[PDB]
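Colleague: Here you go, one structure.
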Amino acid sequence: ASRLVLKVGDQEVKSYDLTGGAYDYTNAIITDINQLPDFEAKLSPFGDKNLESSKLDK
Amino acid sequence: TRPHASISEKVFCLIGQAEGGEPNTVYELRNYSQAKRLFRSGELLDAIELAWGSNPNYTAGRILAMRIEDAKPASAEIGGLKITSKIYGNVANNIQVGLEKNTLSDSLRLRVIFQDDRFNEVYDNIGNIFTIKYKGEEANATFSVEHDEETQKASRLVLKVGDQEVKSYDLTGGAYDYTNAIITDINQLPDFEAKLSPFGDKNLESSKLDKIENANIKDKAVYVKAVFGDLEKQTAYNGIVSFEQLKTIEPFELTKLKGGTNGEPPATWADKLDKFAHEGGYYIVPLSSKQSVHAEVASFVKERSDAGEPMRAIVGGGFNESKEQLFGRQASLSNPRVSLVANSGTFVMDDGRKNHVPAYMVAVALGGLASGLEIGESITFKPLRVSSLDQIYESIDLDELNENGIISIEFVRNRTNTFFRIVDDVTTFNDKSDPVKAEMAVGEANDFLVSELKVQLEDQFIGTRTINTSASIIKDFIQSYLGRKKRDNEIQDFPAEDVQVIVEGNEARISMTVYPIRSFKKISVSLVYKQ
């Protein structure tokens, strides 16, 4: 995985660059999505999955 | 709270593929906290801690190290600034820098992020050097700051009441080099006031102030900004990043630096390896692998010794290299001052990871041990503290290796303990008839003794006081020197009566004999049982 992109309508609001940096771990993605006023993110209740963001799926 | 509490002569060299710090420059090392600060990763960081973790008792002294890479720093041009990373290599690309505005103060804000170090800092109140206020009863009052259009240095600060100048502060040079003089003199005027910014002693040079015109003062405490000089004050000696002004500074989005490079593997080593030619190291071990390195290092060492600088290298071939390969490497490396290590293994290390260790790094460990020994003390039978050795060799194989001049390591399981001891210090030079060439400790003692004798002869005689310093005086000086060295036990004995000097003109030809320390190597016991 290289990018996670949030799009409102047709246009990108923000993108999380998963190639490497602040978003090596998914929990940073959860926190930053939660930081956006219009978006929310919540971790799965079944254990601290907490996977590396490079292993996310298309 | 500035005063507070918070909570071996044989210098050794390392060179090879380090993955951190600026390359092509020699670094002198004393503690591995210094190493991690500079050599973040790669074989050099392992090699340093191995040298200082080489032996339970012995350790290497100060280490001279260079990263041999063509690395360059990541950099960016954005806004009115050129941004350069202090880190060298590909990792520098991860650095992200961005300018913002603090609207509450009408001032810039800077942020730098580097996630690998977990480094994240904010710099605030950038600019806003000092405020000006006015109290006169006239309708309005203003000020202006103007530059020299060529250098863009501030040249004047002018205070104007109505349309006309009351007073001007000539910032080109003189009493107003520093802004604090401007503050004091504005405060001296009855109708004007000035107060320094509360956020630190900004106290900038007045030439670095910014261009302002016709700012109305009467209703406002108006800030002079001087953003770039304040940026330099707050960031010049700080952080991972540095800035240069190309244009106007304005906010820009957080941007990754680009262009961080490590460079290709080097095709040759002379132009970088020769930097050790005056650093004063004795032992050197190259962490790199290829035989071209061994040839170039041997040539370098030989040139240094021919130039009067003693040096010796320790080498070891790869992983599990059989005797046939090692003999070919020895035949390609048979000159003295190079020691070939036969074995490779594993090191238990403070990383937690069990390292898989080539013979090059075993030779590193051996160089760290030898540099920690006393001058003239042999690595023979000393412990190595290797974890496990990928060893094919038994007693006859060890004989074959050692007779060929190839250093070998033997695992010994004592009755209740295990240790790895190295059998001998034989050099790669094959002919055993001359132990100065064949044996490393004898050569080391010879090099140090000869250098000392050279220096003492220089001081005593090549001061060139007179030709009347006849041959008998030189003989006496020699004999006194050898007597001192016998007293120090640096030599076993010398003939008192068999030193001769012949002098003719400005030249003295001298011959002497010295008995080297005779080492004792072999024992055989014929145990017999009776009754």
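Following the order of the structure tokens, chains are lettered A, B, ..., residues in each are numbered from 1, and ligands are numbered from 1.
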I need the chain A residues near chain B as a list in words; criterion: at most 9 Å, counting only C-alpha atoms.

Modeller: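 Every residue meeting the condition is included here: residues 20, 21 and 22 of chain A.
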
Colleague: Report as a ChimeraX atom specification: the residues of chain A with a DSSP assignment of strand (DSSP E or B), based on the backbone of this structure.

Modeller: /A:3-8,11-17,25,52

Colleague: Name the residues in contact with segment 13-18 of chain A at a cut-off of 9 Å, using only C-alpha atoms, excluding same-chain residues fewer than 6 positions from it; report them as a VMD selection string.

Modeller: chain A and resid 1 to 7 24 to 25 29 32 53 to 54

Colleague: For the residues selected in the previous step, produce a file with N, CA, C and O atoms as an mmCIF file, in the first residue's frame.

Modeller:
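result25.cif, freshly written:
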```
data_model
loop_
_atom_site.group_PDB
_atom_site.id
_atom_site.type_symbol
_atom_site.label_atom_id
_atom_site.label_comp_id
_atom_site.auth_asym_id
_atom_site.auth_seq_id
_atom_site.Cartn_x
_atom_site.Cartn_y
_atom_site.Cartn_z
ATOM 1 N N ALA A 1 0.836 -1.192 0.000
ATOM 2 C CA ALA A 1 0.000 0.000 0.000
ATOM 3 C C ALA A 1 0.874 1.246 0.000
ATOM 4 O O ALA A 1 1.862 1.328 0.735
ATOM 5 N N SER A 2 0.495 2.223 -0.824
ATOM 6 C CA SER A 2 1.269 3.443 -1.016
ATOM 7 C C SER A 2 0.508 4.690 -0.610
ATOM 8 O O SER A 2 1.121 5.653 -0.140
ATOM 9 N N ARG A 3 -0.814 4.700 -0.788
ATOM 10 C CA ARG A 3 -1.647 5.832 -0.413
ATOM 11 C C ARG A 3 -2.954 5.335 0.187
ATOM 12 O O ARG A 3 -3.394 4.219 -0.098
ATOM 13 N N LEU A 4 -3.494 6.118 1.116
ATOM 14 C CA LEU A 4 -4.901 6.092 1.487
ATOM 15 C C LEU A 4 -5.430 7.503 1.287
ATOM 16 O O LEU A 4 -4.876 8.454 1.845
ATOM 17 N N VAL A 5 -6.492 7.641 0.497
ATOM 18 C CA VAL A 5 -6.992 8.939 0.061
ATOM 19 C C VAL A 5 -8.452 9.046 0.471
ATOM 20 O O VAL A 5 -9.222 8.104 0.265
ATOM 21 N N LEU A 6 -8.822 10.180 1.070
ATOM 22 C CA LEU A 6 -10.212 10.492 1.378
ATOM 23 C C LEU A 6 -10.721 11.516 0.377
ATOM 24 O O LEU A 6 -10.066 12.540 0.150
ATOM 25 N N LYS A 7 -11.889 11.248 -0.209
ATOM 26 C CA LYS A 7 -12.444 12.075 -1.272
ATOM 27 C C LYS A 7 -13.880 12.418 -0.918
ATOM 28 O O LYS A 7 -14.681 11.525 -0.620
ATOM 29 N N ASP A 24 3.537 4.955 9.044
ATOM 30 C CA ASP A 24 4.009 3.577 8.983
ATOM 31 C C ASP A 24 3.018 2.629 9.641
ATOM 32 O O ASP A 24 2.792 1.515 9.152
ATOM 33 N N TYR A 25 2.422 3.054 10.749
ATOM 34 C CA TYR A 25 1.450 2.272 11.493
ATOM 35 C C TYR A 25 0.060 2.850 11.276
ATOM 36 O O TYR A 25 -0.113 4.065 11.141
ATOM 37 N N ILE A 29 -2.992 6.708 11.193
ATOM 38 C CA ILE A 29 -4.041 7.015 10.225
ATOM 39 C C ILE A 29 -5.366 7.200 10.947
ATOM 40 O O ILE A 29 -6.136 8.116 10.631
ATOM 41 N N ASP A 32 -5.376 10.600 12.687
ATOM 42 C CA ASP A 32 -5.460 11.737 11.779
ATOM 43 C C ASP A 32 -6.812 11.812 11.083
ATOM 44 O O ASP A 32 -7.301 12.914 10.812
ATOM 45 N N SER A 53 0.858 -0.149 7.885
ATOM 46 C CA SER A 53 -0.008 0.388 6.844
ATOM 47 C C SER A 53 0.381 -0.078 5.449
ATOM 48 O O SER A 53 -0.429 0.039 4.524
ATOM 49 N N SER A 54 1.615 -0.549 5.251
ATOM 50 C CA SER A 54 1.993 -1.070 3.943
ATOM 51 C C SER A 54 1.242 -2.348 3.590
ATOM 52 O O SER A 54 1.151 -2.687 2.406
#
```

Colleague: How close does each residue of segment 351-467 of chain B get to segment 42-57 of chain B, giving the shortest atom pair and distance in Å to one decimal for every residue with an atom at most 6 Å away, counting only C-alpha atoms, sorted by chain and residue number, as CSV?

Modeller:
```
residue,atom,partner,partner_atom,distance
B:365,CA,B:54,CA,5.5
B:368,CA,B:51,CA,4.3
B:369,CA,B:54,CA,5.9
```

Colleague: I'd like to know which residues of segment 178-213 of chain B are helix (DSSP H, G or I) (by DSSP, run on the backbone); could you write them as a ChimeraX atom specification?

Modeller: /B:179-188,206-208

Colleague: For the selection just defined, write its residues with N, CA and C atoms to a file, as a compact mmCIF listing (two decimals), in the first residue's frame.

Modeller:
```
# COMPACT_ATOMS: atom_id res chain seq x y z
N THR B 179 19.84 46.65 16.97
CA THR B 179 18.53 47.25 17.10
C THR B 179 18.28 47.84 18.48
N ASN B 180 18.96 47.34 19.51
CA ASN B 180 18.69 47.82 20.86
C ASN B 180 19.02 49.30 20.99
N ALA B 181 20.05 49.77 20.27
CA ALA B 181 20.32 51.20 20.23
C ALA B 181 19.16 51.96 19.61
N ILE B 182 18.51 51.37 18.61
CA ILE B 182 17.35 52.03 18.01
C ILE B 182 16.22 52.11 19.02
N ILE B 183 16.00 51.03 19.78
CA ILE B 183 14.95 51.03 20.78
C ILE B 183 15.21 52.12 21.81
N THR B 184 16.45 52.20 22.31
CA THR B 184 16.79 53.19 23.32
C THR B 184 16.60 54.60 22.79
N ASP B 185 17.02 54.86 21.55
CA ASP B 185 16.93 56.21 21.02
C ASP B 185 15.50 56.60 20.68
N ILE B 186 14.68 55.64 20.22
CA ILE B 186 13.26 55.94 20.04
C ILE B 186 12.64 56.28 21.38
N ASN B 187 12.98 55.51 22.42
CA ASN B 187 12.47 55.80 23.75
C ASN B 187 12.95 57.15 24.26
N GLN B 188 14.10 57.61 23.79
CA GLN B 188 14.58 58.92 24.21
C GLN B 188 13.71 60.06 23.67
N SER B 206 20.66 45.45 12.85
CA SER B 206 19.70 46.33 12.21
C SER B 206 19.75 46.25 10.69
N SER B 207 20.85 45.76 10.11
CA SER B 207 20.90 45.60 8.66
C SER B 207 19.92 44.55 8.16
N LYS B 208 19.47 43.64 9.02
CA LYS B 208 18.58 42.56 8.64
C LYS B 208 17.10 42.91 8.84
```

Colleague: When distances are computed from only C-alpha atoms, which of B:176, B:252, B:283, B:529 shows the smallest separation from residue 64 of chain B?

Modeller: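 Result for the nearest residue to residue 64 of chain B: B:283.
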
Colleague: Quick one: residues within 10 Å of residue 336 of chain B, only C-alpha atoms counted, chain neighbours fewer than 5 positions away excluded, as an MDAnalysis selection string?

Modeller: chainID B and resid 298 301:302 312:313 427:430 436:440 443

Colleague: Expressed in Å to a single decimal, how great is the separation between atom CA of residue 12 of chain A and atom CA of residue 31 of chain A?

Modeller: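 These atoms are spaced 18.5 Å apart.
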
Colleague: For atom CA of residue 465 of chain B and atom CA of residue 481 of chain B, determine how far apart the two atoms are, in Å to one decimal place.

Modeller: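 Rounded to one decimal, the two atoms are 20.1 Å apart.
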
Colleague: Give me the residues within 10 Å of residue 212 of chain B as JSON, numbers by chain, counting only C-alpha atoms and dropping any in the same chain fewer than 5 places off.

Modeller: {"B": [143, 144, 145, 146, 147, 157, 224, 225]}

Colleague: Okay, now the selection with N, CA and C atoms, as a compact mmCIF listing (two decimals), in the first residue's frame?

Modeller:
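Now in result.txt:
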```txt
# COMPACT_ATOMS: atom_id res chain seq x y z
N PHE B 143 6.29 55.69 10.33
CA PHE B 143 7.70 55.39 10.14
C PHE B 143 7.86 54.57 8.87
N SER B 144 9.10 54.46 8.41
CA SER B 144 9.43 53.64 7.25
C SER B 144 10.83 53.08 7.42
N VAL B 145 11.04 51.89 6.88
CA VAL B 145 12.35 51.25 6.80
C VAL B 145 12.60 50.98 5.32
N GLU B 146 13.79 51.33 4.84
CA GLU B 146 14.15 51.18 3.44
C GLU B 146 15.47 50.43 3.33
N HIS B 147 15.64 49.73 2.21
CA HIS B 147 16.81 48.91 1.95
C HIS B 147 17.70 49.56 0.89
N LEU B 157 16.06 53.74 9.09
CA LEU B 157 14.76 53.73 9.74
C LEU B 157 14.41 55.18 10.04
N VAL B 224 8.04 45.93 13.86
CA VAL B 224 9.05 45.62 12.85
C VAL B 224 9.22 44.11 12.88
N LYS B 225 9.36 43.49 11.71
CA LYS B 225 9.31 42.04 11.60
C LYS B 225 10.69 41.41 11.52
```

Colleague: For a test of reading the model, state the distance in Å between atom CA of residue 11 of chain B and atom CA of residue 404 of chain B, rounded to one decimal.

Modeller: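 Taking atom CA of residue 11 of chain B and atom CA of residue 404 of chain B, their separation equals 28.4 Å.
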